[PDB]
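Have a look at the structure below before the remarks.
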Amino acid sequence: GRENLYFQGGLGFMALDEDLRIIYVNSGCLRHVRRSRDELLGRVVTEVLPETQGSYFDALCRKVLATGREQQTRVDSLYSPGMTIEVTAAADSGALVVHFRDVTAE
Ligand SMILES: C[C@H](CC(=O)O)OP(=O)(O)O
């Protein structure tokens, strides 16, 4: 189960640059947060998705930036409470790439 920016496996993906600006988002990610691409692209993630600040996701991204290592966690979703998700964050070519998978039926 090793989805990445190229082989997304139908999962929601977002990529952030070194200023944590949203430089890539797919449709599944947009539907999850219930936003349009124009609202998020090029914006600093904490500005347009402020619910992520101080959350597990904040810690997850910080750990990737501080160690370079991939991080994965299983948590209740911020944007869809009651949905159990597995969230992965990793560096891929200078970008910080995040994806999530609904694991509610597991
Ligand atoms: C925080 C979110 C997953 C969640 O709903 O907890 O991930 P994205 O910011 O949409 O990549």
Side-chain angles (χ1 to χ4, degrees), residues 1-83 85-106:
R2 297 295 310 170
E3 289 90 350
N4 68 23
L5 269 176
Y6 189 72
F7 167 62
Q8 300 181 350
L11 309 176
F13 268 83
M14 175 178 285
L16 312 171
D17 76 6
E18 302 98 334
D19 291 332
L20 301 184
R21 275 178 46 256
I22 299 169
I23 59 146
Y24 171 82
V25 269
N26 71 8
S27 299
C29 197
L30 291 172
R31 290 182 309 269
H32 184 69
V33 302
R34 285 185 184 263
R35 298 292 203 256
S36 78
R37 186 163 283 100
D38 295 316
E39 292 184 85
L40 300 191
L41 210 64
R43 303 289 316 270
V44 174
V45 65
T46 55
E47 292 179 359
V48 291
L49 296 179
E51 297 80 12
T52 62
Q53 187 271 329
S55 76
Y56 76 90
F57 185 79
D58 173 329
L60 198 72
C61 292
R62 288 170 44 190
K63 204 159 186 185
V64 178
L65 298 179
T67 68
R69 305 301 259 269
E70 174 175 293
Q71 307 293 326
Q72 200 163 65
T73 191
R74 297 169 264 102
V75 290
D76 188 40
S77 174
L78 291 174
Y79 291 99
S80 200
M83 178 190 290
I85 57 177
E86 173 165 276
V87 179
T88 303
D92 191 8
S93 326
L96 175 40
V97 180
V98 183
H99 63 274
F100 61 95
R101 176 165 63 98
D102 180 353
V103 296
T104 308
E106 279 195 1

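For reference, positions follow the sequence shown, starting with 1. For ligands, and for the atoms within them, numbers begin at 1 and follow the listed sequence. All values below were derived from every heavy atom in this structure, side-chain atoms included, with hydrogens, water molecules and symmetry-related copies excluded.
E106 has its side chain within reach of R101: a pair of non-hydrogen atoms, C-beta onward, lies under 4.5 Å apart. Between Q71 and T88, the closest side-chain pair of non-hydrogen atoms is not below 4.5 Å.
Under 4.0 Å from ligand 1, the heavy atoms of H32 that appear belong solely to its side chain. Contact annotation for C29 and ligand 1: only side-chain heavy atoms (C-beta onward) come within less than 4.0 Å of the ligand. Contacts between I85 and ligand 1 below 4.0 angstrom, taking non-hydrogen atoms only, involve the side chain exclusively. Contact annotation for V45 and ligand 1: no heavy atom of the residue comes within less than 4.0 Å of the ligand.
Using modelled atom types, one finds a donor on one side chain and an acceptor on the other under 3.5 Å when comparing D102 with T104.
The ligand atoms of ligand 1 that sit less than 4.0 angstrom from a heavy atom of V33 are 10 (O). Near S77, meaning under 4.0 Å from one of its heavy atoms, ligand 1 places the atoms 4 (C), 5 (O), 6 (O).
Hydrophobic cluster membership differs between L11 and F57, with clusters built from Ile, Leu, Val, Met, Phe, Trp and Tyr side chains linked at under 4.5 angstrom.
Residues satisfying the ring-ring contact (aromatic ring centres under 6.0 Å, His included) criterion with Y79, sequence neighbours excluded, are absent altogether. Evaluation of the side-chain contact (heavy atoms from CB on, under 4.5 Å) rule for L16 yields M14, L20, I22, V45, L96 as partners, not counting sequence neighbours.
Any N or O atom pair closer than 3.5 Å counts here, and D76 shares no such pair with ligand 1. Ligand 1 has a nitrogen or oxygen under 3.5 angstrom from a nitrogen or oxygen of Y79.
Residue contacts with ligand 1: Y56 is included, with a non-hydrogen atom under 4.0 Å away.
Atoms CG and CG, on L49 and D58 in that order, are 12.5 Å from each other to the nearest 0.5 Å.
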